[PDB]
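So this one's input.txt, compact mmCIF, C-alpha atoms:
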```
# COMPACT_ATOMS: atom_id res chain seq x y z
CA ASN A 709 -50.39 -47.79 -36.61
CA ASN A 710 -53.62 -47.68 -34.58
CA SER A 711 -52.25 -46.84 -31.09
CA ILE A 712 -51.60 -43.43 -29.47
CA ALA A 713 -50.50 -42.37 -25.97
CA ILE A 714 -52.28 -39.37 -24.41
CA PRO A 715 -51.09 -37.91 -21.08
CA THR A 716 -53.74 -38.11 -18.38
CA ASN A 717 -51.91 -36.00 -15.75
CA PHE A 718 -49.50 -33.04 -15.68
CA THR A 719 -46.43 -32.12 -13.65
CA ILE A 720 -45.23 -28.54 -13.11
CA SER A 721 -41.42 -28.45 -13.07
CA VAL A 722 -39.06 -25.59 -12.16
CA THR A 723 -35.55 -25.85 -13.62
CA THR A 724 -32.56 -23.57 -13.00
CA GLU A 725 -30.36 -22.25 -15.82
CA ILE A 726 -27.21 -20.39 -14.76
CA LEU A 727 -25.55 -18.12 -17.32
CA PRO A 728 -22.47 -15.94 -16.76
CA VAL A 729 -23.10 -12.33 -17.73
CA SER A 730 -20.07 -10.34 -16.54
CA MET A 731 -16.38 -10.81 -15.84
CA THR A 732 -14.03 -9.09 -13.41
CA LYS A 733 -12.74 -5.75 -14.69
CA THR A 734 -8.97 -5.42 -14.43
CA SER A 735 -6.51 -2.58 -15.00
CA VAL A 736 -2.76 -3.15 -15.34
CA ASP A 737 -0.09 -0.51 -14.73
CA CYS A 738 2.45 -1.25 -17.45
CA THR A 739 5.32 0.65 -15.82
CA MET A 740 4.81 -0.82 -12.36
CA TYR A 741 4.65 -4.40 -13.59
CA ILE A 742 7.55 -4.23 -16.03
CA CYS A 743 9.85 -1.82 -14.20
CA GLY A 744 8.82 -1.84 -10.53
CA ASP A 745 10.35 1.16 -8.75
CA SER A 746 13.33 1.58 -11.10
CA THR A 747 13.35 4.93 -12.93
CA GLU A 748 16.03 3.73 -15.36
CA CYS A 749 13.81 0.92 -16.57
CA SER A 750 10.98 3.38 -17.08
CA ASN A 751 13.14 5.49 -19.36
CA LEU A 752 14.18 2.39 -21.30
CA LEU A 753 10.53 1.33 -21.52
CA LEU A 754 9.52 4.57 -23.22
CA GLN A 755 11.83 3.74 -26.13
CA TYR A 756 10.46 0.21 -26.50
CA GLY A 757 7.11 1.24 -27.95
CA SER B 514 35.39 -15.13 -6.29
CA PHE B 515 32.29 -13.92 -4.46
CA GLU B 516 28.53 -14.51 -4.33
CA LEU B 517 26.05 -11.65 -4.38
CA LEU B 518 23.10 -10.71 -2.14
CA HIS B 519 22.10 -14.18 -0.94
CA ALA B 520 23.39 -14.17 2.66
CA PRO B 521 24.58 -11.73 5.34
CA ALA B 522 27.64 -9.93 4.01
CA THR B 523 30.81 -9.55 6.05
CA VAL B 524 32.64 -7.68 3.26
CA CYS B 525 31.35 -4.26 2.29
CA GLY B 526 32.37 -1.16 0.42
CA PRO B 527 33.24 2.22 1.90
CA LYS B 528 29.66 3.58 1.80
CA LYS B 529 28.60 5.34 5.00
CA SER B 530 25.41 4.39 6.85
CA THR B 531 22.48 6.75 7.48
CA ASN B 532 19.92 6.68 10.28
CA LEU B 533 16.84 4.68 9.34
CA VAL B 534 13.44 6.36 8.97
CA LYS B 535 10.20 4.42 9.43
CA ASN B 536 6.67 5.02 8.12
CA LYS B 537 7.82 7.24 5.22
CA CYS B 538 8.38 6.56 1.53
CA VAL B 539 12.17 6.39 1.22
CA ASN B 540 14.91 5.10 -1.04
CA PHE B 541 16.81 2.34 0.72
CA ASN B 542 20.19 0.67 0.22
CA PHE B 543 20.21 -2.14 2.78
CA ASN B 544 23.47 -4.06 2.31
CA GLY B 545 23.43 -3.34 -1.41
CA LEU B 546 19.69 -3.94 -1.93
CA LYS B 547 18.18 -0.84 -3.53
CA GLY B 548 14.45 -0.06 -3.57
CA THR B 549 11.89 2.66 -2.94
CA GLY B 550 9.40 1.74 -0.25
CA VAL B 551 7.74 2.44 3.07
CA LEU B 552 9.60 0.66 5.88
CA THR B 553 7.74 -0.62 8.95
CA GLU B 554 8.53 -2.83 11.92
CA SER B 555 7.60 -6.44 11.18
CA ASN B 556 5.51 -8.59 13.50
CA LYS B 557 6.98 -11.61 11.66
CA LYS B 558 10.13 -13.58 12.56
CA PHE B 559 13.33 -14.66 10.80
CA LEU B 560 15.89 -17.44 11.25
CA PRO B 561 19.49 -16.41 11.99
CA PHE B 562 20.89 -17.34 8.56
CA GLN B 563 17.94 -15.59 6.83
CA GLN B 564 19.05 -12.03 6.14
CA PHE B 565 16.46 -11.33 3.40
CA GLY B 566 12.86 -12.38 2.89
CA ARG B 567 11.24 -12.68 -0.55
CA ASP B 568 7.64 -12.90 -1.75
CA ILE B 569 5.95 -14.97 -4.46
CA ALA B 570 7.09 -12.52 -7.15
CA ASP B 571 10.67 -13.03 -5.82
CA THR B 572 10.87 -9.39 -4.73
CA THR B 573 12.07 -8.66 -1.20
CA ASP B 574 9.21 -7.96 1.21
CA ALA B 575 11.17 -7.89 4.49
CA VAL B 576 14.80 -7.19 5.37
CA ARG B 577 16.86 -7.56 8.53
CA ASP B 578 18.43 -4.20 9.18
CA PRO B 579 22.23 -4.36 9.35
CA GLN B 580 23.55 -3.18 12.72
CA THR B 581 20.22 -2.95 14.54
CA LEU B 582 19.30 -6.52 13.50
CA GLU B 583 15.56 -5.76 13.54
CA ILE B 584 13.45 -7.06 10.66
CA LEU B 585 11.70 -4.34 8.66
CA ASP B 586 8.72 -4.91 6.37
CA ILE B 587 9.06 -3.31 2.93
CA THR B 588 5.83 -1.99 1.42
CA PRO B 589 5.61 -0.29 -2.00
CA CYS B 590 4.88 3.43 -1.94
CA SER B 591 1.23 4.28 -2.62
CA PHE B 592 0.29 4.32 -6.30
CA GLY B 593 -2.99 4.47 -8.18
CA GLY B 594 -4.59 5.27 -11.48
CA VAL B 595 -5.87 8.78 -12.14
CA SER B 596 -9.08 9.33 -14.13
CA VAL B 597 -10.36 12.78 -15.11
CA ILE B 598 -14.16 13.20 -15.14
CA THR B 599 -14.81 15.87 -17.72
CA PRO B 600 -17.93 17.48 -19.16
CA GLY B 601 -17.35 18.28 -22.79
CA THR B 602 -14.86 21.06 -23.46
CA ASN B 603 -17.59 22.95 -25.28
CA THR B 604 -19.75 22.88 -22.15
CA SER B 605 -16.97 23.68 -19.67
CA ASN B 606 -13.27 23.41 -18.96
CA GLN B 607 -13.87 22.48 -15.32
CA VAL B 608 -12.80 18.91 -14.46
CA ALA B 609 -13.05 16.38 -11.64
CA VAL B 610 -10.30 13.89 -10.76
CA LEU B 611 -10.79 10.36 -9.42
```
Go ahead and express the file in the form of structure tokens.
Amino acid sequence: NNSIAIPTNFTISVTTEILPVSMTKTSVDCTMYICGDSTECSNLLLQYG
Amino acid sequence: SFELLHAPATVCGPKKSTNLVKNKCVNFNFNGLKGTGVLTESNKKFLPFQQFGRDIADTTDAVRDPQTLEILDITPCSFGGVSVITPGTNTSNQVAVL
């Protein structure tokens, strides 16, 4: 009840915080991935949706 | 009983061969394998039993030409997205293409 601790010296500390801000931007060609070079698939793909 | 497109084929249909063209985007029918691609000479090598070479996606990336027996790299014909940079139609109808 009658005792306290008071700091008699100081230390300056530098600490690193790393935060992600951005992610890789990607574009996907639907026709190329699903149907490759096949024209017939592309025509079928149009019907799908 | 026959197996399809996994080995060199000694039995073929009546289709007539055409002279190969390199460095151009072309439709190809190499021993029944059909694709559209640019065909280039390959600095790589193949074993005798290995007629066809596939990539990670399981799509052929190299083929051994029938007759000539020289391996040809298959590269997809150039493709890219098109984006139109446009000032508002009210301002102008002129457009830029990326």
Of B:580, B:605, B:591, B:596, the one nearest to residue 531 of chain B when counting only C-alpha atoms is B:580
Sorted per-residue table, chain B near chain A, closest atoms and distance, 9 Å, all atoms listed in the file, as CSV:
```
residue,atom,partner,partner_atom,distance
B:548,CA,A:745,CA,6.7
B:549,CA,A:745,CA,6.2
B:550,CA,A:745,CA,8.6
B:589,CA,A:745,CA,8.4
B:593,CA,A:737,CA,8.7
B:594,CA,A:737,CA,8.0
```
Find, counting only C-alpha atoms, the residue in B:579, B:537, B:570, B:563 that gets nearest to residue 523 of chain B.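 Nearest to residue 523 of chain B: B:579.
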Nearby residues, (10.2, -1.3, 7.7) file frame, 10 Å, only C-alpha atoms, as number ranges by chain: B: 533-537, 550-555, 574-578, 583-588
Point-to-point distance from atom CA of residue 515 of chain B to atom CA of residue 532 of chain B, Å rounded to tenths: 28.2 Å
Nearest to residue 590 of chain B, restricted to all atoms listed in the file and choosing among B:540, B:547, B:567, B:609, comes out as B:540
Atomic separation - atom CA of residue 592 of chain B relative to atom CA of residue 733 of chain A, Å: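 These atoms are spaced 18.5 Å apart.
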Neighbours of point (21.5, -9.3, -2.3) within 7 Å, using all atoms listed in the file, written as a PyMOL selection string: chain B and resi 517-519+545-546
Quick check, in Å to one decimal: how far apart do atom CA of residue 542 of chain B and atom CA of residue 581 of chain B lie? 14.8 Å
Mind checking which residues fall within 12 Å of residue 751 of chain A, counting only C-alpha atoms, ignoring those fewer than 6 positions away in the same chain, and posting them as a list in words? residues 739, 742, 743, 745 and 757 of chain A
Size and centre in Å, one decimal, axis-aligned box, all listed segment 544-554 of chain B atoms plus 4 Å per side, as lines of an AutoDock Vina configuration file:
```
center_x = 15.6
center_y = -0.7
center_z = 4.2
size_x = 23.7
size_y = 14.7
size_z = 23.5
```
I'd like to know which of A:724, A:717, A:750, A:710 is closest to residue 738 of chain A, using all atoms listed in the file.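 Nearest to residue 738 of chain A: A:750.
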Could you get me a file of segment 525-551 of chain B with N, CA and C atoms, as a PDB file, in the first residue's frame, taken from the block above?
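What ended up in decode.pdb:
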```pdb
ATOM      1  N   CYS B 525      -3.394 -44.368 -90.476  1.00  0.00           N
ATOM      2  CA  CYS B 525      -3.909 -43.028 -90.677  1.00  0.00           C
ATOM      3  C   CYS B 525      -4.983 -43.026 -91.746  1.00  0.00           C
ATOM      4  N   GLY B 526      -5.770 -41.962 -91.753  1.00  0.00           N
ATOM      5  CA  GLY B 526      -6.806 -41.813 -92.740  1.00  0.00           C
ATOM      6  C   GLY B 526      -6.252 -41.282 -94.041  1.00  0.00           C
ATOM      7  N   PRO B 527      -7.148 -41.067 -95.007  1.00  0.00           N
ATOM      8  CA  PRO B 527      -6.714 -40.636 -96.343  1.00  0.00           C
ATOM      9  C   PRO B 527      -6.269 -39.184 -96.454  1.00  0.00           C
ATOM     10  N   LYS B 528      -6.328 -38.383 -95.391  1.00  0.00           N
ATOM     11  CA  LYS B 528      -6.021 -36.959 -95.496  1.00  0.00           C
ATOM     12  C   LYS B 528      -4.630 -36.699 -96.058  1.00  0.00           C
ATOM     13  N   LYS B 529      -4.536 -35.707 -96.943  1.00  0.00           N
ATOM     14  CA  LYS B 529      -3.292 -35.390 -97.625  1.00  0.00           C
ATOM     15  C   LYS B 529      -2.514 -34.328 -96.858  1.00  0.00           C
ATOM     16  N   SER B 530      -1.202 -34.511 -96.776  1.00  0.00           N
ATOM     17  CA  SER B 530      -0.320 -33.600 -96.059  1.00  0.00           C
ATOM     18  C   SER B 530      -0.100 -32.291 -96.816  1.00  0.00           C
ATOM     19  N   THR B 531       0.261 -31.249 -96.065  1.00  0.00           N
ATOM     20  CA  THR B 531       0.534 -29.923 -96.603  1.00  0.00           C
ATOM     21  C   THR B 531       1.867 -29.433 -96.053  1.00  0.00           C
ATOM     22  N   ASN B 532       2.589 -28.646 -96.845  1.00  0.00           N
ATOM     23  CA  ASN B 532       3.914 -28.203 -96.430  1.00  0.00           C
ATOM     24  C   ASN B 532       3.817 -27.338 -95.179  1.00  0.00           C
ATOM     25  N   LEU B 533       4.700 -27.583 -94.216  1.00  0.00           N
ATOM     26  CA  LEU B 533       4.638 -26.846 -92.962  1.00  0.00           C
ATOM     27  C   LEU B 533       5.127 -25.415 -93.142  1.00  0.00           C
ATOM     28  N   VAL B 534       4.537 -24.508 -92.372  1.00  0.00           N
ATOM     29  CA  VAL B 534       4.932 -23.105 -92.335  1.00  0.00           C
ATOM     30  C   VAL B 534       5.310 -22.746 -90.906  1.00  0.00           C
ATOM     31  N   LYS B 535       6.433 -22.059 -90.740  1.00  0.00           N
ATOM     32  CA  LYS B 535       6.954 -21.727 -89.424  1.00  0.00           C
ATOM     33  C   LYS B 535       6.915 -20.220 -89.213  1.00  0.00           C
ATOM     34  N   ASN B 536       6.747 -19.817 -87.952  1.00  0.00           N
ATOM     35  CA  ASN B 536       6.756 -18.423 -87.520  1.00  0.00           C
ATOM     36  C   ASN B 536       5.493 -17.661 -87.907  1.00  0.00           C
ATOM     37  N   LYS B 537       4.405 -18.356 -88.221  1.00  0.00           N
ATOM     38  CA  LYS B 537       3.135 -17.728 -88.556  1.00  0.00           C
ATOM     39  C   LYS B 537       2.018 -18.394 -87.769  1.00  0.00           C
ATOM     40  N   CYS B 538       0.974 -17.632 -87.458  1.00  0.00           N
ATOM     41  CA  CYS B 538      -0.177 -18.211 -86.780  1.00  0.00           C
ATOM     42  C   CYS B 538      -0.935 -19.062 -87.784  1.00  0.00           C
ATOM     43  N   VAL B 539      -1.066 -20.357 -87.501  1.00  0.00           N
ATOM     44  CA  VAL B 539      -1.648 -21.297 -88.449  1.00  0.00           C
ATOM     45  C   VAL B 539      -2.478 -22.355 -87.743  1.00  0.00           C
ATOM     46  N   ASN B 540      -3.478 -22.880 -88.446  1.00  0.00           N
ATOM     47  CA  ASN B 540      -4.212 -24.023 -87.926  1.00  0.00           C
ATOM     48  C   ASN B 540      -3.421 -25.272 -88.273  1.00  0.00           C
ATOM     49  N   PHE B 541      -3.285 -26.186 -87.322  1.00  0.00           N
ATOM     50  CA  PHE B 541      -2.460 -27.359 -87.561  1.00  0.00           C
ATOM     51  C   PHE B 541      -3.230 -28.627 -87.245  1.00  0.00           C
ATOM     52  N   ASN B 542      -2.971 -29.670 -88.033  1.00  0.00           N
ATOM     53  CA  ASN B 542      -3.538 -30.995 -87.825  1.00  0.00           C
ATOM     54  C   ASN B 542      -2.401 -32.010 -87.890  1.00  0.00           C
ATOM     55  N   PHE B 543      -1.600 -32.071 -86.829  1.00  0.00           N
ATOM     56  CA  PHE B 543      -0.433 -32.946 -86.797  1.00  0.00           C
ATOM     57  C   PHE B 543      -0.874 -34.303 -86.274  1.00  0.00           C
ATOM     58  N   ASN B 544      -0.999 -35.276 -87.172  1.00  0.00           N
ATOM     59  CA  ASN B 544      -1.382 -36.639 -86.814  1.00  0.00           C
ATOM     60  C   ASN B 544      -2.675 -36.657 -86.010  1.00  0.00           C
ATOM     61  N   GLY B 545      -3.632 -35.840 -86.419  1.00  0.00           N
ATOM     62  CA  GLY B 545      -4.925 -35.803 -85.780  1.00  0.00           C
ATOM     63  C   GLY B 545      -5.033 -34.872 -84.591  1.00  0.00           C
ATOM     64  N   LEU B 546      -3.979 -34.133 -84.265  1.00  0.00           N
ATOM     65  CA  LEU B 546      -4.010 -33.137 -83.204  1.00  0.00           C
ATOM     66  C   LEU B 546      -4.288 -31.785 -83.844  1.00  0.00           C
ATOM     67  N   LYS B 547      -5.399 -31.162 -83.475  1.00  0.00           N
ATOM     68  CA  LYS B 547      -5.835 -29.918 -84.090  1.00  0.00           C
ATOM     69  C   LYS B 547      -5.691 -28.758 -83.113  1.00  0.00           C
ATOM     70  N   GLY B 548      -5.037 -27.688 -83.556  1.00  0.00           N
ATOM     71  CA  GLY B 548      -4.880 -26.484 -82.759  1.00  0.00           C
ATOM     72  C   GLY B 548      -4.532 -25.307 -83.642  1.00  0.00           C
ATOM     73  N   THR B 549      -4.664 -24.105 -83.082  1.00  0.00           N
ATOM     74  CA  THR B 549      -4.252 -22.881 -83.759  1.00  0.00           C
ATOM     75  C   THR B 549      -3.086 -22.270 -82.996  1.00  0.00           C
ATOM     76  N   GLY B 550      -1.922 -22.204 -83.628  1.00  0.00           N
ATOM     77  CA  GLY B 550      -0.749 -21.718 -82.933  1.00  0.00           C
ATOM     78  C   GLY B 550       0.397 -21.371 -83.850  1.00  0.00           C
ATOM     79  N   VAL B 551       1.346 -20.620 -83.306  1.00  0.00           N
ATOM     80  CA  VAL B 551       2.587 -20.313 -84.009  1.00  0.00           C
ATOM     81  C   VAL B 551       3.555 -21.466 -83.787  1.00  0.00           C
TER      82      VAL B 551
END
```
